[PDB]
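Only one structure is covered here, and it is reproduced in the block below.
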Amino acid sequence: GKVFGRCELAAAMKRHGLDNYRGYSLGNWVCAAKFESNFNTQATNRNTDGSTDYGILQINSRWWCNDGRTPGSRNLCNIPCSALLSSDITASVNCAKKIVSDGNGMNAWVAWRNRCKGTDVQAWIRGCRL
Numbered sequence: 000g001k002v003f004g005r006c007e008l009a010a011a012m013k014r015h016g017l018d019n020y021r022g023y024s025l026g027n028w029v030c031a032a033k034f035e036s037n038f039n040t041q042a043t044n045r046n047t048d049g050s051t052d053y054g055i056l057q058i059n060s061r062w063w064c065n066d067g068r069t070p071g072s073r074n075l076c077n078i079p080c081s082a083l084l085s086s087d088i089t090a091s092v093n094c095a096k097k098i099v100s101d102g103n104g105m106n107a108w109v110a111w112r113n114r115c116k117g118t119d120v121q122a123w124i125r126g127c128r129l
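Take 0 as the starting number for the sequence shown in the entry's author numbering and just add one per residue.
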């Protein structure tokens, strides 16, 4: 039930190589997490289409992770969705890298597109020890 701080999450994401991953600076990734889950690793959103969004980046169970419940499941990250609810961000980062890598940009994340794109995303790392 870990809720990250801004700078703590930025450092963790940097350690996992997300800074400038496929051209997306670190602040984009922190901004996305802020507006997807407000940094709560346990965040779960259960949709009416039978899919669920899991964890700090709200990764969806139709294409990305397997929860055994979701119609049309592709499990392209090859993981159980429960791995995305850990206090350790490893599985979420690894699956986020796949999302980007499997054709998508960060437009895959509705909160990134609607609340981060075009903004001064360096503000989300400002003042942090990285």
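Cβ atoms here follow ideal geometry from the backbone N, Cα and C, with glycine treated the same way.
query = Using the rule of at least 16 other Cβ atoms within 10 Å of the residue's Cβ for burial, across every protein chain shown, is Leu8 buried or exposed?
reply = So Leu8 counts as buried.
ask   = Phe34 and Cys127: beta carbons closer than 8 Å?
value = Inclusion of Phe34 and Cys127 in the CB contact set at 8 Å is not warranted, their separation being larger than that value.
key: Residue ranges of each beta strand (DSSP E) within the segment 17-96, 3 or longer   = Counting whole runs of 3 or more residues, the segment 17-96 contains the beta strand (DSSP E) stretches 43-45 and 51-53.
key: Closest residue to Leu129 among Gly0, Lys1 and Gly16 (Cα-Cα distance)   = Ranked by Cα distance from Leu129, the options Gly0, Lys1 and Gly16 are led by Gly16.
inquiry  = I need the straight-line Cα distance from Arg61 to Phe38, nearest angstrom please.
reply    = About 22 Å.
request  = Step through the CB atoms of chain B and report whether any lies within less than 8 Å of the CB of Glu7.
outcome  = Going by chain labels, chain B is absent from the structure shown, which holds only one protein chain.
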